[PDB]
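Asks: Could you have a look at this structure, given as structure tokens, before my questions?
Chains as they are written, first to last, in the deposited numbering: chain c, 5 to 102, 114 to 165, 218 to 436, 462 to 591, 597 to 650; chain 2, 201 to 290.
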């Protein structure tokens, strides 16, 4: 509810001291956006050389272990991606200490709607709600100034009728789907441009941030291109090349493709594993696989030349890469492939597509790495976080490729198993919504991570619906290996075929909390996201039955 | 001979719009097959060629040598109209 620059000067005044400082910025959690945000944030701190702690939090339940344990001198705290949904004032408590409260916890979140207790009643925040939903948002505005603090019998009856009158519309709010408005990174950059830093790798961090989520919607991002492209116009390494030159040597616009790993993998394998194209061409089917080859017969690209790594393909095919696709792809309905994208060239190393980089980092997060076992695993993910954090750095590229050799493999897993599902037609159309469960599969170790099931769930909800009449219906998935029937189950959102009228607001967040409040059968919201929960095989089936009814949508 | 060129004008007609088993041109589907497989062997049944005309079948039992060279260039023409490419393939 504040100016970004002024919130900045506040976090400046409470910061620098002897001993320095102290602030812990919480990077959270598994979302690439977090990295994108906190890296340019951390670089900004290093600019004024302000000491910082930075914590890799996984579990939402895990945050309590930290904040309740170690705090001493820390008068100014910062947090990322948490608290937009569940309020930490009740969750942490707080317990006001010393107006002009000593500690300011900044909470940065893209999630909506905000918790009601957060924005109004200033204690721990210093909210980041600005500027996306301001709004009004008159529904939260009347939620308090009316409620607080609230012949005489008719005035009591009138008063109470008014109270429930506000409580109904208030109940409409805060019970709703969790949907990201704008990427937190973008706003950190809006905060950053007011201070005056135009830095190139910074901007690349923004591009990374925005393009973190294009796998899932945009939704506003379709109109974020002005806010990026203009900035790309606010700077330039040289008016003209001047090949290369070995330095600056920076990012530029190119006809990029939702196509998967075009530059770091072989072309044919790049269609065959791509996510958008899995769908339209029915590639899980042997009968459709051929249709790809017909694409190549249309392009005049040899099959043998399609099998070869993209660095080494002939030059003629490169110069025709932006034409041939226009000549052909239009006929297959694949006409939405070509985006205007961002590509940063490091020169003699190669170039990297904005999206593919994100595929590298995601790749890093799950691989390349009774409560003791889950804690130890979540711990392994915590360590792995930094292995992924390092790849963002420019000076070490040598491990970034270790991401990509993984990012390929994962797909080779994901695709494979994905097909293993469609052969058995495991989709349960049900009535109100679509649902699935993986009872058996190869290498569930890869599927342990929330984000792995976010991407498999994504290629699957993308595959089932082209569309593909009728009625985009949200999907459900489940997997188990070890940790005694943890059976991780993540919520999902429907995918429109590039024509998106409504955000549609994932409802699993609410539907799960209704069940935690009913019989709560081995239901665990331990994962940071409201869409993803844990379950046991003993209680999963009654849970599934209680999921089927009553349907909130 | 140049007269033989006119023969091509006939055999191309045999190459695409010829049908059998209630529609669904077979040789069109072979060209489509390679085609995708791009195995560069187009395959023509002698039964059908002899079914349309015995005059060409007689040319196969007299002088296959130069006639295959006349024929396969036209096959390349048919693949050319069906897939406006393979100037780069074979």
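Where a beta carbon is used, it is the ideal one built from N, C-alpha and C, also for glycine.
In the DSSP assignment, find the unbroken beta strand (DSSP E) run with residue 123 (chain c) in it and report its ends.
Replies: Here residue 123 (chain c) is taken as the residue at index 108 of the first chain, counted from 1. Residues 119–123.
Asks: Are the beta-carbon atoms of residue 579 (chain c) and residue 621 (chain c) separated by less than 8 Å?
Replies: In the first chain, counting from the first residue as 1, residue 579 (chain c) sits at position 487. In the first chain, counting from the first residue as 1, residue 621 (chain c) sits at position 524. No, the pair does not count as a contact, with Cβ atoms beyond the cut-off.
Asks: I'd like the span of the alpha helix (DSSP H) that includes residue 345 (chain c), first residue to last.
Replies: By 1-based counting over the first chain, the position of residue 345 (chain c) is 278. Its alpha helix (DSSP H) spans residues 342–347.
Asks: Label residue 531 (chain c) either buried or exposed according to how many other C-beta atoms from any shown protein chain fall within 10 Å of its C-beta, with 16 as the threshold for buried.
Replies: As a first step, residue 531 (chain c) is located in the first chain; it is residue number 439 there, counting from the start. Burial call: exposed.
Asks: Report the three-state DSSP secondary structure of residue 60 (chain c) (helix, strand or coil).
Replies: Within the first chain, the letter at position 56 stands for residue 60 (chain c). Note: residue 60 (chain c) maps to strand in three-state DSSP.
Asks: How long is the line joining the alpha carbons of residue 489 (chain c) and residue 428 (chain c), rounded to whole angstroms?
Replies: Position 397 of the first chain, counted from the first residue, corresponds to residue 489 (chain c). Position 361 of the first chain, counted from the first residue, corresponds to residue 428 (chain c). Rounded to the nearest angstrom, the two C-alpha atoms are 12 Å apart.
Asks: With 16 other CB atoms within 10 Å as the buried threshold, where does residue 310 (chain c) fall?
Replies: As a position in the first chain, residue 310 (chain c) is number 243, starting the count at 1. Under this definition residue 310 (chain c) is an exposed residue.
Asks: Along the chain, where does the beta strand (DSSP E) that runs through residue 354 (chain c) open and close?
Replies: As a working mapping, residue 354 (chain c) is identified with position 287 in the first chain. Unbroken run through residue 354 (chain c) is the alpha helix (DSSP H), 353–366; no beta strand (DSSP E).
Asks: Kindly give me the distance between the Cβ atoms of residue 602 (chain c) and residue 243 (chain c), rounded to whole angstroms, as I take these residues to be in contact under 8 Å.
Replies: Your numbering for residue 602 (chain c) matches position 505 in the first chain. Your numbering for residue 243 (chain c) matches position 176 in the first chain. Rounded, the Cβ-Cβ distance is 6 Å, consistent with contact.
Asks: So, for residue 233 (chain c): in the same chain, excluding its five sequence neighbours on each side, which residues have a beta-carbon less than 8 Å away from its beta-carbon?
Replies: As a position in the first chain, residue 233 (chain c) is number 166, starting the count at 1. Result list for residue 233 (chain c): 157, 158, 161, 162, in chain order.
Asks: Count the C-beta pairs between the region 40–56 of chain c and the region 267–283 of chain c that are closer than 8 Å, then say yes if the count reaches three, no if not.
Replies: Segments in contact, yes.
Asks: Who are the Cβ neighbours of residue 90 (chain c) in its own chain at under 7 Å, not counting the five residues just before and after it?
Replies: As a first step, residue 90 (chain c) must be located in the first chain, where it is residue number 86. Result list for residue 90 (chain c): 130, in chain order.
Asks: For a minimum of 4 consecutive residues, which ranges assigned as the alpha helix (DSSP H) are wholly contained in the region 275–348 of chain c?
Replies: Whole alpha helix (DSSP H) segments, 4+ residues: 291–300, 334–339, 342–347.
Asks: Can you find a C-beta in chain c that's less than 8 Å from the C-beta of residue 235 (chain 2)?
Replies: Counting from 1 along the second chain, the entry for residue 235 (chain 2) is found at position 35. Chain c, which has a Cβ nearer than 8 Å to the Cβ of residue 235 (chain 2), makes this yes.
Asks: From residue 356 (chain c) to residue 336 (chain c), what distance separates their C-alpha atoms?
Replies: Residue numbering aside, residue 356 (chain c) sits at position 289 when the first chain is read from its first letter. Residue numbering aside, residue 336 (chain c) sits at position 269 when the first chain is read from its first letter. Going by the C-alpha atoms only, they are around 12 Å apart.
Asks: For the region 530–557 of chain c, list the alpha helix (DSSP H) runs that are entirely contained and at least 4 residues long, ordered along the chain.
Replies: Counting whole runs of 4 or more residues, the region 530–557 of chain c contains the alpha helix (DSSP H) stretches 542–556.
Asks: Can you check which of these residues, 114 (chain c), 16 (chain c), 231 (chain c), 264 (chain c), is closest to residue 121 (chain c) by C-alpha distance?
Replies: Stepping through the first chain from its first residue, residue 121 (chain c) is reached at position 106. The option with the nearest alpha carbon to residue 121 (chain c) is 16 (chain c).
Asks: Tell me the DSSP secondary structure of residue 625 (chain c) in three-state form.
Replies: What you label residue 625 (chain c) is simply residue 528 of the first chain in a count that begins at 1. Reduced to three states, the DSSP call for residue 625 (chain c) is coil.
Asks: Just grab the DSSP bridge partners of residue 569 (chain c) for me.
Replies: Here residue 569 (chain c) is taken as the residue at index 477 of the first chain, counted from 1. Note: residue 569 (chain c) sits in a beta bridge opposite 582 (chain c).
Asks: Using only the alpha-carbon positions, how far apart do residue 9 (chain c) and residue 259 (chain c) sit?
Replies: Translated into the one-based positions of the first chain, residue 9 (chain c) becomes position 5. Translated into the one-based positions of the first chain, residue 259 (chain c) becomes position 192. Going from the Cα of residue 9 (chain c) to the Cα of residue 259 (chain c) covers about 8 Å.
Asks: Closest Cβ-Cβ distance between residue 285 (chain 2) and chain c: below 8 Å?
Replies: Within the second chain, numbered from 1, the residue matching residue 285 (chain 2) stands at position 85. At least one chain c Cβ lies under 8 Å of residue 285 (chain 2).
Asks: Is the separation between the beta-carbon of residue 432 (chain c) and that of residue 541 (chain c) shorter than 8 Å?
Replies: Numbered from its first residue, the first chain carries residue 432 (chain c) at position 365. Numbered from its first residue, the first chain carries residue 541 (chain c) at position 449. A contact, by the Cβ cut-off of 8 Å.
Asks: Determine the closest residue to residue 298 (chain c) out of 282 (chain c), 319 (chain c), 314 (chain c), 135 (chain c), with distance taken between C-alpha atoms.
Replies: The residue labelled residue 298 (chain c) in the question sits at position 231 within the first chain. Measuring from the Cα of residue 298 (chain c), the nearest candidate turns out to be 319 (chain c).
Asks: Taking the C-alpha atoms as reference points, what is the distance between residue 224 (chain 2) and residue 272 (chain 2)?
Replies: Here residue 224 (chain 2) is taken as the residue at index 24 of the second chain, counted from 1. Here residue 272 (chain 2) is taken as the residue at index 72 of the second chain, counted from 1. Near 22 Å, if we compare the C-alpha coordinates of residue 272 (chain 2) and residue 224 (chain 2).
Asks: Could you check what DSSP says for residue 98 (chain c) in three-state terms: helix, strand or coil?
Replies: The sequence position of residue 98 (chain c) within the first chain is 94, counting from 1. Three-state result, residue 98 (chain c): coil.
Asks: Cα-Cα, which of 512 (chain c), 73 (chain c), 604 (chain c) is closest to residue 525 (chain c)?
Replies: Walking along the first chain from the start, residue 525 (chain c) turns up at place 433. The shortest C-alpha separation from residue 525 (chain c) is found at 604 (chain c).
Asks: Identify whether residue 30 (chain c) lies in helix, strand or coil by the three-state DSSP scheme.
Replies: Start at 1 with the first residue of the first chain, and residue 30 (chain c) comes out as number 26. DSSP places residue 30 (chain c) in strand when its eight states are reduced to three.
Asks: When you compare each of 589 (chain c), 581 (chain c), 649 (chain c) to residue 636 (chain c) by their alpha carbons, which one comes out closest?
Replies: Walking along the first chain from the start, residue 636 (chain c) turns up at place 539. Residue 581 (chain c) is the option with its Cα nearest to residue 636 (chain c).
Asks: In terms of residue numbering, what span does the alpha helix (DSSP H) encompassing residue 24 (chain c) cover?
Replies: One-based indexing of the first chain puts residue 24 (chain c) at position 20. That residue, residue 24 (chain c), is in no alpha helix (DSSP H); it is neither H nor E in DSSP.
Asks: Considering only C-alpha positions, which residue in the set 362 (chain c), 264 (chain c), 558 (chain c) is nearest to residue 232 (chain 2)?
Replies: In the second chain, counting from the first residue as 1, residue 232 (chain 2) sits at position 32. For the residues 362 (chain c), 264 (chain c), 558 (chain c), the minimum Cα distance to residue 232 (chain 2) belongs to 362 (chain c).
Asks: Are there 16 or more other CB atoms within 10 angstroms of the CB of residue 568 (chain c), so buried, or fewer, so exposed?
Replies: In the first chain, residue 568 (chain c) corresponds to position 476, counting from 1. The residue is buried, with at least 16 neighbouring Cβ atoms inside 10 Å.
Asks: Quick one: any contact between the region 275–284 of chain c and the region 375–391 of chain c, if contact means 3 or more CB pairs under 8 Å?
Replies: Taking 8 Å as the limit for Cβ pairs, the verdict is that the region 375–391 of chain c does not touch the region 275–284 of chain c.
Asks: Would DSSP call residue 406 (chain c) helix, strand or coil?
Replies: The count along the first chain starts at 1 and reaches residue 406 (chain c) at position 339. Looking at residue 406 (chain c) - three-state DSSP - the assignment turns out to be coil, as it is neither helix nor strand.
Asks: Could you compute how far the alpha carbon of residue 124 (chain c) sits from the alpha carbon of residue 257 (chain c)?
Replies: Counting from one through the first chain, the residue named residue 124 (chain c) turns up at place 109. Counting from one through the first chain, the residue named residue 257 (chain c) turns up at place 190. If I take the Cα positions, the gap works out to 15 Å.
Asks: Would you decide whether residue 172 (chain c) is buried or exposed? Buried here means 16 or more other CB atoms lie within 10 Å of its CB.
Replies: Coordinates for residue 172 (chain c) are simply not present: the residues of chain c run from 165 and resume at 218.
Asks: Could you check where the alpha helix (DSSP H) with residue 16 (chain c) kicks off and where it finishes?
Replies: Against the first chain, residue 16 (chain c) aligns to sequence position 12. Note, residue 16 (chain c): alpha helix (DSSP H), 8–17.
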